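Engineer:
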Amino acid sequence: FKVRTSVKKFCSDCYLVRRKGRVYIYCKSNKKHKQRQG
Amino acid sequence: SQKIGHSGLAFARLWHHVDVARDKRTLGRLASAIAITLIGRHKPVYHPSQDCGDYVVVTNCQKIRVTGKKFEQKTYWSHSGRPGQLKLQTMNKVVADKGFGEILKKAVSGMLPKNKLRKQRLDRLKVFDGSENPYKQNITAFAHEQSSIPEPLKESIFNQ
Amino acid sequence: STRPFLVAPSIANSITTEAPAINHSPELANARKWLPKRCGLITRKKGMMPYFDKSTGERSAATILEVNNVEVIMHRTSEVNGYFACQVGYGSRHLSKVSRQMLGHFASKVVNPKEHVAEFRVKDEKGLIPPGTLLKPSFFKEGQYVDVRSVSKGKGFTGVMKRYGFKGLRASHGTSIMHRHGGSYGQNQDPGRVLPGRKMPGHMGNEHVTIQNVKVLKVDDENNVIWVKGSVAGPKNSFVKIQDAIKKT
Amino acid sequence: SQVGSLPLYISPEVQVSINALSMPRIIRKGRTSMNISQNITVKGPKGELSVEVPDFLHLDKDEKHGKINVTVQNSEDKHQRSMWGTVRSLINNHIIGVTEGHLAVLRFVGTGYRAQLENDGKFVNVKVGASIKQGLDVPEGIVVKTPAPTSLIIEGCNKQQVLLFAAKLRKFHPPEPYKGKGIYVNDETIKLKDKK
Amino acid sequence: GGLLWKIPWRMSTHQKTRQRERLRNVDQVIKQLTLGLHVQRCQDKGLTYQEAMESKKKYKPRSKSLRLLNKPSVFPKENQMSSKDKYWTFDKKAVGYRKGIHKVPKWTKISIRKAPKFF
RNA sequence: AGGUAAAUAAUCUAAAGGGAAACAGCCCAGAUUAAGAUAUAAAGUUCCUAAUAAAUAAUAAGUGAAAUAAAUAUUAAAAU
RNA sequence: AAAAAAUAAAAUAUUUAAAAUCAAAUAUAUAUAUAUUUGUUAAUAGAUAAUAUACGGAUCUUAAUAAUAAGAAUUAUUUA
RNA sequence: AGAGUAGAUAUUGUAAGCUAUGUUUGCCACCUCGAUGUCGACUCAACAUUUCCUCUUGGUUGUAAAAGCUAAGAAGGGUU
RNA sequence: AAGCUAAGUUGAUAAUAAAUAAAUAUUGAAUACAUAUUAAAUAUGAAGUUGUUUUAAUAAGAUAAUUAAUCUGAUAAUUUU
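Residue numbers (the authors' numbering), protein chains in the order written: chain 0, 56 to 93; chain H, 2 to 161; chain C, 21 to 269; chain F, 17 to 212; chain c, 13 to 131.
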């Protein structure tokens, strides 16, 4: 997980999710693309 | 001239029931309503120098309304004086410890005026999570109201 | 025939609902508690002496706890008292010493005027012993573990070196008039006062002390004593509770 | 909306009923609310199971062609519309389970990686590289069976419950990337890394 | 900024209502001034007070300041004014180039209706 | 920068009162002595704490509710 | 694939505006001529120190069934 | 941007940009300038968390394993 | 010798369990898909939390006696745990 203020989806296989009052970006292909909005 | 007469009934401490299951007010609004009663602002004989407020029995306090996510967010604080002893409890935790009646009492305490009579006023509030309570028998009642209530229920209440 | 009474509609017509159970209730607390499944017995710490294990040869210091007239006076129950416990009484006392009220209590419970009374809290109603019975050292098994409560030796008004193991100031190198007066209390300015629980000189000892997981080395009903491995809090002739260890089985 | 509008086909053996609850409960959001009143049931050959559902939703049972429909009192209400697609899908899943039955194959991959039924079906013992023994009890409704040691099958009427159980089982050792090695639920895949 | 001038960045509802009332009062004052002048001019020409009040053709004020006040482009009425210009002054050094009117000193007396065209 | 250098206005200085939780300078307003009925100002009117009820939006975050923290990201919303 | 059709629920953006245009209104001649005025985004994240939580405090977002009875006490624009 | 075999975002991150902080070097003179606690040691610690270790966990062609690297939660305990 | 001591002796790090942070999930629409929920259901998961444990403080409650040829204390004497 890259915890950061900015949370953009990198590849096409990335998908944005809204859980626990935080924007997560998970990804099905590349595991490096996992991000979390703060 | 207006003041002269028998004042004993005016200064009589009545007992006011509030079935929280029936009442549609939220917690804080209910607490505010109670506070006035406890002070004795409702009655025209009131004076700031004299404590002349009524008893308030709250019942079925488990069914109290709380808006938003305050039940799992709202934190009640406490502190002895020794640093590193700030005790912060969420509303649900406080309820689990004591009850919804404790929560109501805290609200009512905060509503009340900060002086030597405050504690007395707080004491007059009698809160109960469920229905059954000892003060059942002493809530203000009238003979004209008796027809509304069924026959055996009254007897059962009296027995209780 | 019937008495006059009026009843409010609001209290009569109120739909019946049971209150939810609260954590700060007795019954919840009882449920939470970590308790032994069996009663205990009061003893006196008579002294201390060596215990030689005859197989291995190992020597162990053992305290001799004497068991005299130890008797279940009465017991407490959840429905009446909020918890399950056995009121045990130790020893024998004169009439002269005991209060009239206490004598009457003992007569009611049908025991002799007692030297020391104490409760022994238990988990269930099964743990309660029938009242009036005599508890002997054979209660405990040899090799079993027990918790041990008693009031420690009084040490009097002690300093911070003895109380709290404070290092104190130096012996030489200029040190003036404060070699043992542990210094620096309530920080400075930031608190503006001595913060509560600041370790200071004061009275020490003569407080209760539980000692957990002590091994019952030896039990004998002949001499009326329980041998117990190691130390026990308090002076000689001090009363000592003994119950099964909650931690060790 | 697009999901909830799709009509559900029923075979004569299965019956989709609906009726009010004994004690309806109300879900209270910040602004909106949602009162769970009705209780749909899907009785069939393999078993029977139920869905507690809001008041605004209601079925529309047709005798002809074995179809039933589901509709809400206000489709323009967002929460209701969201519920509608869920409930229909849930009752479809139930129908599938009662008529056919839901299935979850777990294939174990690794040297000495395998499952075993320890308590006559009631406890799936799983051995997946651990000194301590691992496993968990099968829930009610779930039936487990092991054609091979390294290939377990979970079976049940509730699609939710079976697949949750499978996921739990997997969680002891999910597939590693370096060697395709662990517990694979159904058609699960993993991109294997280069060894180097 | 150790001294605490605890002034809120925006106004309350009651404050806004009072401001509106004040704005309305100044417009009323202006109207009265114009009306009285008109009446006086009618009297000079030779009508009674009532007749002057009735008159269809109302006389516009000849003095400059009054005439400017009458114009809504220069001095707008409260009903004419924008929501923003009732409750927000132009302040070039503020972010947004805007500042609450309540932050202006003596805002209860001092009038300020017109802000710049795009600020 | 509660800075510093003047300019201008006001208050303070030398001004009691109401408001701004508390408050030299801000918002009102100027005590001759009362009194307390009538207008009010500034500010407020669930409670503490004098005193209210409405419309219409929008918010769900306790954002917020008298001391507005940013570039940027996200999710929405209109419009073209 | 999939359209009672657009009138409205597609994508790709730009946009976040009453300048312009449009609507509403004032003002002049007035059977509607000009000029002036008014009308265009929301929430979350970002968020961050040291005696103790601190909107001044309580506390405030409402729910048919069901009380004489609640339903902001927040924000935006207004009424009495 | 540029490293990072091959790839800006495994790890790396210039110049500029936006904040925070209120520890330091300043800056201001607003405190008393009858505040040594005179700057270091000792005694004693309290508190923060912006986590060093310890517990949980994401990523880590730069996780085979083990070491690690990096990030999240986390201040209970401990940190010569 | 005692006493007290620590160089010595003994004990203990207080379970279980409850909900959880981060994090990992199931079914699943809104939004054909997809999505662990900032929908409804459904799961895990921390030396943290709540408890527990221990110490002290209090005194709900309990059993017992009730004007005393021996009531409960206190002063006094002899001492010490």
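Built from N, CA and C at the ideal position, the CB exists for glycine as well.
Mind reading off the beta-carbon distance from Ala39 (chain C) to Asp130 (chain H)? Whole number of angstroms is fine, and I expect it under 8 angstroms.
Structural biologist: Confirmed, Cβ separation roughly 4 angstroms.
Engineer: What does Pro216 (chain C) reach in chain H if we use C-beta pairs closer than 8 angstroms?
Structural biologist: Residues of chain H passing the Cβ test: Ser81, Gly82, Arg83.
Engineer: Taking all protein chains shown into account, do 16 or more other C-beta atoms lie within 10 angstroms of the C-beta of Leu154 (chain C), making it buried, or fewer, making it exposed?
Structural biologist: exposed
Engineer: In the structure shown, what three-state DSSP assignment does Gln147 (chain H) receive?
Structural biologist: coil
Engineer: Any contact of the region 70-86 of chain F with the region 31-41 of chain F, i.e. 3+ C-beta pairs under 8 angstroms?
Structural biologist: yes
Engineer: What in chain C is Cβ-close to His18 (chain H), meaning under 7 angstroms?
Structural biologist: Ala28, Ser30, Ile31
Engineer: Going by alpha carbons, who is nearest to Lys187 (chain F) out of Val142 (chain F), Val67 (chain F), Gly172 (chain F)?
Structural biologist: The shortest Cα separation from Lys187 (chain F) among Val142 (chain F), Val67 (chain F), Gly172 (chain F) belongs to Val142 (chain F).
Engineer: Spell out whether any CB of chain C is found under 8 angstroms from the CB atom of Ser132 (chain H).
Structural biologist: Chain C contact via Cβ: present.
Engineer: Contact between the region 211-229 of chain C and the region 128-138 of chain C is defined here as three or more beta-carbon pairs at a separation below 8 angstroms; is this criterion met?
Structural biologist: no
Engineer: Just to confirm before moving on: does the CB-CB distance between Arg41 (chain F) and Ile52 (chain F) stay below 8 angstroms?
Structural biologist: For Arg41 (chain F) and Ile52 (chain F), yes; Cβs fall inside 8 angstroms.
Engineer: Classify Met69 (chain C) as helix, strand or coil using the three-state DSSP reduction.
Structural biologist: strand
Engineer: Under DSSP, the alpha helix (DSSP H) around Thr29 (chain c) begins and ends at which residues?
Structural biologist: 25-57
Engineer: Assign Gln44 (chain c) to buried or exposed, taking buried as 16 or more other Cβ atoms, counted over all protein chains shown, within 10 Å of its Cβ.
Structural biologist: exposed
Engineer: Answer yes or no: does any C-beta atom of chain C fall closer than 8 angstroms to that of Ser149 (chain H)?
Structural biologist: yes
Engineer: Hey, is the region 26-40 of chain C in contact with the region 140-151 of chain H, meaning 3+ C-beta pairs nearer than 8 angstroms?
Structural biologist: Yes, the region 26-40 of chain C is in contact with the region 140-151 of chain H.
Engineer: With C-beta atoms as the reference, is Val46 (chain H) less than 8 angstroms away from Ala13 (chain H)?
Structural biologist: Not in contact: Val46 (chain H) and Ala13 (chain H) (Cβ atoms no closer than 8 angstroms).
Engineer: Figure out for me which residue from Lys25 (chain H), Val57 (chain H), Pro84 (chain H), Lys75 (chain H) has the closest Cα to the Cα of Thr38 (chain H).
Structural biologist: Ranking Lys25 (chain H), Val57 (chain H), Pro84 (chain H), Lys75 (chain H) by Cα distance to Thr38 (chain H) puts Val57 (chain H) first.
Engineer: Is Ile62 (chain C) closer than 8 angstroms to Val100 (chain C) when the C-beta atoms are compared?
Structural biologist: no
Engineer: Please work out which residues of its chain come closer than 8 angstroms, Cβ to Cβ, to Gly29 (chain H), disregarding the five sequence neighbours upstream and downstream, and give them in chain order.
Structural biologist: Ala108
Engineer: Shortest alpha-carbon distance to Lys149 (chain F) belongs to which of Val159 (chain F), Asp136 (chain F), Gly46 (chain F), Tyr129 (chain F)?
Structural biologist: Ranked by Cα distance from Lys149 (chain F), the first of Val159 (chain F), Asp136 (chain F), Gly46 (chain F), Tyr129 (chain F) is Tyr129 (chain F).
Engineer: For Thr83 (chain C), count neighbouring C-beta atoms within 10 Å of its own C-beta (all shown protein chains included) and say buried if the count is 16 or more, exposed if not.
Structural biologist: buried
Engineer: Please report the straight-line C-alpha distance between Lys86 (chain 0) and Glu204 (chain F), rounded to a whole angstrom.
Structural biologist: 17 angstroms
Engineer: What's the C-alpha gap between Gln3 (chain H) and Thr22 (chain C)?
Structural biologist: 41 angstroms
Engineer: Name the residue from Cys106 (chain C), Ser258 (chain C), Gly225 (chain C) whose alpha carbon lies nearest to the alpha carbon of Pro150 (chain C).
Structural biologist: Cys106 (chain C)
Engineer: Just to confirm, are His199 (chain C) and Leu215 (chain C) a CB contact at a threshold of 8 angstroms?
Structural biologist: no
Engineer: Just checking, does the region 117-129 of chain c make contact with the region 87-97 of chain c on the three C-beta pairs under 8 angstroms criterion?
Structural biologist: With a cut-off of 8 angstroms, the region 87-97 of chain c and the region 117-129 of chain c count as touching, because enough Cβ pairs lie within range.
Engineer: Kindly indicate which three-state DSSP category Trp119 (chain c) falls into: helix, strand or coil?
Structural biologist: coil
Engineer: Around the Cβ of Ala182 (chain F), are there at least 16 other Cβ atoms within 10 angstroms (buried) or fewer (exposed)?
Structural biologist: buried
Engineer: Got a sec: does the ligand COA put a non-hydrogen atom nearer than 7 angstroms to the Cβ of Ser67 (chain 0)?
Structural biologist: In terms of ligand content, the structure shown is empty, and the ligand COA therefore cannot be addressed.
Engineer: For the region 23-48 of chain H, enumerate the residues whose C-beta is nearer than 9 angstroms to any C-beta of chain C, in chain order.
Structural biologist: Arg23
Engineer: Can you tell me whether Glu192 (chain F) is helix, strand or coil according to DSSP?
Structural biologist: In the three-state scheme derived from DSSP, where H, G and I count as helix and E and B as strand, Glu192 (chain F) is classed as strand.
Engineer: Enumerate, from N- to C-terminal direction, the unbroken beta strand (DSSP E) stretches of 3 or more residues contained entirely within the region 76-160 of chain H.
Structural biologist: Taken in chain order, the complete beta strand (DSSP E) segments of 3 residues or longer contained in the region 76-160 of chain H are 76-80, 87-91, 126-128.
Engineer: Mind checking the region 175-205 of chain C against chain H and listing, in chain order, the residues whose C-beta falls within less than 9 angstroms of any C-beta there?
Structural biologist: none
Engineer: Please decide whether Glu99 (chain C) counts as near chain H, where near means a Cβ-Cβ distance under 8 angstroms.
Structural biologist: Answer no: the Cβ-Cβ gap between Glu99 (chain C) and chain H never drops below 8 angstroms.
Engineer: Please specify which runs of the beta strand (DSSP E), each continuous and at least 3 residues long, are wholly inside the region 6-91 of chain H, giving them in chain order.
Structural biologist: 16-20, 56-60, 76-80, 87-91
Engineer: Which value, in whole angstroms, describes the spacing of the CA atoms of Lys94 (chain F) and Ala97 (chain H)?
Structural biologist: Going by the C-alpha atoms only, they are around 35 angstroms apart.
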